[PDB]
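So this first bit is one chain, no partners, the form deposited in one PDB entry, shown in structure tokens.
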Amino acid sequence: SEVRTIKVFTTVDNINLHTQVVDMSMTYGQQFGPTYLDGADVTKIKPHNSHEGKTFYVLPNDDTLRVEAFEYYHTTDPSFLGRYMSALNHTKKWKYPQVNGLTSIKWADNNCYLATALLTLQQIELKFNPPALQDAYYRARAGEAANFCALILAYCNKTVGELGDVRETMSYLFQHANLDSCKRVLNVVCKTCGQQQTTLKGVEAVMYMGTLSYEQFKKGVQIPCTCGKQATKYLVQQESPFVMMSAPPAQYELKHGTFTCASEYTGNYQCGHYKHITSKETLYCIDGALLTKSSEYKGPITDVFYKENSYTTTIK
């Protein structure tokens, strides 16, 4: 038979493109290893004339790509590149409407927790350590959210169609954000035991589970103690751009102006539906691509986010 070839671009960051020549006789997988075009596996697909000049994602098999990859993704896990493409292949087919001047996702493949988290990430000051996340986030804010949503799944070890905890997802995204400066000082007072001051840095400094009221946390909350008597934990000092207050879903009333945004969760554990309530001039319930407006909001709320700079307690 006759030998035909085409010119294609190979890359791992879609930033450093390496020109390559492909034998139309052979498949992409035989000569490049796992290969993906727009997140679609082409490892067992022979090249087409239309493919010439197009960009193709490949697995790092030489040291140039090993580096370029780690520098972009900040991970050296081999499976990560495949999972990002696997995901992206689906997330490029979602619809991302501007809802209340924020990018959102039309409900599909249980994307409700992702929509919420994304609507959330557009309202708080997050500086992303991996370029991949930065580049995608910016392109998300503009409305092309496919790549972002796809990196979130990849970094959270989740697959399209599977429902996720909004809090477990933010925990993960904060692992990959610059929150080193953030500081939290907690005093815990037990009448028998005495006092104990705790300082938390990074992700632990902006996430609390067991109370949704930033107000109640400052006042102090009841927690069990070693001696069996109850103890009071209150916020001494918060140095962060925001704080995340989480609790198991329960009836809560968000008043306009007291919070930045909230995750409402209706349904049983691991099978419920998520809505995003954002506080602006009035209250805005962003539920996938749908939108309702109230002055107040009574619903089961598991996550509430508040903006912050530096807070010092006046107690004692």
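In case it trips you up, residue 1 is the first one in the sequence shown, and so on.
Below: the form deposited with a partner chain bound, not depicted.
K.L.:
If the cut-off is 4.5 angstroms on heavy atoms, which of these, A250, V67, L290, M26, is the one near the partner chain in the deposited bound form?
P.N.:
Exactly one residue meets the criterion: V67.
K.L.:
Between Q197, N178, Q98, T159, only one gets a heavy atom within 4.5 angstroms of the partner chain in the deposited bound form; which residue is that?
P.N.:
Answer to the contact question: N178.
K.L.:
Within 4.5 Å of the partner chain in the deposited bound form, do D13, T19 and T55 each have at least one heavy atom?
P.N.:
Answer is no for this spot.
K.L.:
Even though the partner chain is not shown here, does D63 get within 4.5 Å of it in the deposited bound form, heavy atoms only?
P.N.:
Looking in the deposited bound form, residue contacts with the partner chain include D63, since a heavy atom lies within 4.5 Å.
K.L.:
With the cut-off set at 4.5 Å between non-hydrogen atoms, does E71 touch the partner chain in the deposited bound form?
P.N.:
Heavy-atom contact with the partner chain at 4.5 Å: present for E71.
K.L.:
Any of the heavy atoms of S79 lying within 4.5 Å of the partner chain in the deposited bound form?
P.N.:
Residue-level check for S79: no, no contact with the partner chain.
K.L.:
Look up in the deposited bound form whether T192 has a non-hydrogen atom within 4.5 angstroms of the partner chain, and give yes or no.
P.N.:
No.
K.L.:
Among 118 to 126, 71 to 79, 89 to 97, 143 to 151, which stretch has residues with heavy atoms no more than 4.5 Å from the partner chain in the deposited bound form?
P.N.:
Heavy-atom contact with the partner occurs in 71 to 79.
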